[PDB]
Amino acid sequence: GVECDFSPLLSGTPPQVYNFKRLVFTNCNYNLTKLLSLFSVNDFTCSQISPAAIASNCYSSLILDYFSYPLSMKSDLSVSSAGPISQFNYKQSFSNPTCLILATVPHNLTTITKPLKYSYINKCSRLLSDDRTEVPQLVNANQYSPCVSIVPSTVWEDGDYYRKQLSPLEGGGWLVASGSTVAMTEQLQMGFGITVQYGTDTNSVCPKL
Ligand SMILES: *[C@@H]1O[C@H](CO)[C@@H](O[C@@H]2O[C@H](CO)[C@@H](O)[C@H](O)[C@H]2NC(C)=O)[C@H](O)[C@H]1NC(C)=O
Ligand SMILES: *[C@@H]1O[C@H](CO)[C@@H](O[C@@H]2O[C@H](CO)[C@@H](O)[C@H](O)[C@H]2NC(C)=O)[C@H](O)[C@H]1NC(C)=O
């Protein structure tokens with residue numbers, strides 16, 4: 001069989017967390033250890049699987065999400081934290097095994113370029129018709145924030161805010177968001193989210209033996 005193609009991850013400027021890029025793999029062979037050996041891995045944690053198991057099992061699919069992400073914001077990735085990252089930007093499946101990897105890009109990994117800064121959504125909210133009540137708009141597993149329609153791929157200025165008037169068909173009211181920025185680090189720091197699914201006789205994403 002053919003090798004899983006991880007090259008988009010290694011090519012060009014990775015998106016910000018709320019614009020995470022998604023790679024989907026079926027029917028291919030992988031070597032996770034080899035992929036990760038290109039990076040300096042700072043954190044590698046999983047739910048319903050382990051770092052050793054995720055590198056050595058056969059799956060019906062493997063999903064890999066990737067983005068620029070400052071290591072300083074480690075804690076904001078957890079569901080248990082009610083931080084803006086897990087609330088408004090990026091959420092992994094709660095029903096399939098997952099891993100989250102935080103890594104630093106070495107200088108000798110040249111095909112990856114730095115963005116100007118890190119950006120994230122600090123707030124995504126709906127104003128109701130009473131013009132008073134704001135309802136947080138929590139990102140769903142496997143989806144973008146509804147606010148990706150109004151927040152640009154790079155936040156221009158820390159504290160910028162954004163609104164969209166919604167149609168009766170969309171439930172009326174206003175979608176409202178605010179963006180934050182974090183200074184670029186000496187070396188680019190990234191997050192990788194891996195989600196796996198197991199099937200019956202379709203477990204064809206397998207490690208290189
Ligand atoms: C998958 O990739 C890993 C990492 O490149 C391979 O293990 C390394 O390669 C050689 C194998 O002779 C060892 O000497 C190193 O100590 C290993 N770790 C490194 C380089 O970090 C591994 O062989 C590959 N697995 C398969 C099944 O091909
Ligand atoms: C490219 O950069 C990598 C990433 O840091 C270098 O690998 C490191 O080498 C040092 C010692 O030389 C180790 O202590 C680190 O643990 C290594 N990093 C990783 C992620 O394994 C590597 O030496 C450089 N390679 C080239 C060809 O320049």
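The analysis underlying the following values was restricted to heavy atoms, covering all of them including side chains, and did not include hydrogens, waters or symmetry mates. First listed ligand is number 1; within each ligand, the first listed atom is number 1. Numbering starts at 1 and runs along the sequence shown.
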Discussion item. For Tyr90, run the ring pair (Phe, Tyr, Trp, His ring centres under 6.0 Å) check against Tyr69, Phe192, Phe20, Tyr66 and tell me which one passes.
Written reply: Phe20
Worksheet, complete the sentence: Output for pair (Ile121 CD1, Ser178 OG), nearest 0.5 Å, gives 9.5 Å
Discussion item. Counting only nitrogen or oxygen atoms and a 3.5 angstrom limit, does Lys208 reach ligand 1?
Written reply: no
Item to complete: Could you label the plane-to-plane angle of the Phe6 and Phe25 rings as parallel, tilted or perpendicular, counting under 30° as parallel and over 60° as perpendicular?
Response: tilted
Fill in: Value rounded to 0.5 Å, distance of CD1 in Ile85 from OG in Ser78
11.0 Å
Worksheet item: With no hydrogens and no angle check, do the side chains of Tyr59 and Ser204 hold a donor and an acceptor under 3.5 Å apart?
Response: no
For a distance cut-off of 3.5 Å, show me each N or O of ligand 2 paired with any protein N or O, plus the separation.
from     : atom 1 : to     : atom 2 : distance (Å)
ligand 2 : 2 (O)  : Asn108 : OD1    : 3.0
ligand 2 : 2 (O)  : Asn108 : ND2    : 2.4
ligand 2 : 25 (N) : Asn108 : ND2    : 2.9
ligand 2 : 28 (O) : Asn108 : ND2    : 3.0

Worksheet item: Can you tell me how far CG of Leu109 sits from CE of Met190, rounded to the nearest 0.5 angstrom?
Response: 8.5 Å
